[PDB]
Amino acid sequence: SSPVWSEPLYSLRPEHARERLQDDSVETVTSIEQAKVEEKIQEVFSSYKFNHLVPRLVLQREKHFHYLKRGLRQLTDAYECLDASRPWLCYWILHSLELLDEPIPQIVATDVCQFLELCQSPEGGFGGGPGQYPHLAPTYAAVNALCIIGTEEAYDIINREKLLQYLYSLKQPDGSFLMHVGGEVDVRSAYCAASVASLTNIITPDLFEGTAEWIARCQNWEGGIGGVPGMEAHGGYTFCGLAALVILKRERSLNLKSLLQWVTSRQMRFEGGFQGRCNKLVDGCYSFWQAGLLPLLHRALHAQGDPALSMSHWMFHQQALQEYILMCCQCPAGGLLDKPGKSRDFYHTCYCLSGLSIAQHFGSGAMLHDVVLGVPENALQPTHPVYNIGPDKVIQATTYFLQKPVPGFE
């Protein structure tokens, strides 16, 4: 082996240079943009290599923690653009602190609870801020934040009778859901509805009637899932589609074979991170949306007795993804980002860490296997692949609400 103070990196292997884009001498905006990113990434990779000396990668925990802690209380007016996304700020920050194993002071926990209560509409669901109309995305965010908090005070803020009525009010005859009253329709809504509904125990037989079939129609020729039937395969929509189907126990509706080949191809051979759709650029948040699909596919295949499934690894390059996140997605001052040269933000901090945690932890049955690149302290808390909140929080939350009846039913 090698000295403990030196760890060989996949991205730094000499063979790795062969993974640079090959434009075939035909330039287009696509090859040009890709080449620029690779060029920058190469410089970053190089800065971590000192001939045969390769120091262990380090996740700047404290710097991230201070960044998160600061954002959970106040924000600059640069954050005015996220005025209709406040429960998301709560979720991004709390989940990030949760992955980093930094505790939530009970004063802050309660304050957050109270705030989400103020965002909850009298008609059910949560708006993007006090007085805003309910919208499935911030509803999803708020329910997850409340679950990350785990206290009964948090669990109870959720008005379940109205939440169910609200979901009903957005249900379309074809199986889809509106993101909000008079709002757009795409696969994100299916996932948002299925997430909050299962966690809070409000699923009725008819609630998701036709949804699985609608989602399957979103799977396209590429293998991934688009926003609506006919549209281009995108990691964000594919995560939403598969996770939703897993909640509904209808994964088999999809061609899992072509989905798997599609998602695995979305990992950038050079950068190590994932792109959102074919021929576009790498981005740290896809560390979760794309890579998160692998634990889901694994579970789905294992369920249908696939004898070739690995017993120790996800079907993507766990090491390469960790290298990309640790070397290219950390802001010196704290927080994480899309790619080198981008400004940090809470959304990316949340998804880069979520992806890092998935890349670090494998589990199937009583089978566990970790791969924590760098200093041992880099190891993060595990995250649930369907809900993207800790697994403990999921069990605890579903256990709590299972002790309650489905609003006005049976």
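Residue numbers run from 1 along the displayed sequence.
- Once the C-alpha B-factors are averaged per stretch, 81 to 89 and 229 to 237 rank with 81 to 89 first.
- Looking at 114 to 122 and 319 to 327 together, the entry lists the larger mean B-factor for 114 to 122, computed on C-alpha atoms.
- The entry assigns its greatest Cα B factor, within the set 142, 303, 256, 164, to 303.
- Among all modelled residues in its chain, residue 357 ranks in the lowest third by Cα B-factor.
- Placement of the Cα temperature factor of residue 209 within the chain: highest third of the modelled residues, per the deposited record.
- Per the deposited record, the Cα B-factor of residue 159 falls in the middle third when ranked against the other modelled residues of its chain.
- Sorting the modelled residues of the chain by their CA temperature factor places residue 350 in the lowest third.
- For residue 388, the recorded CA B-factor ranks within the lowest third of the chain. Only modelled residues enter the ranking.
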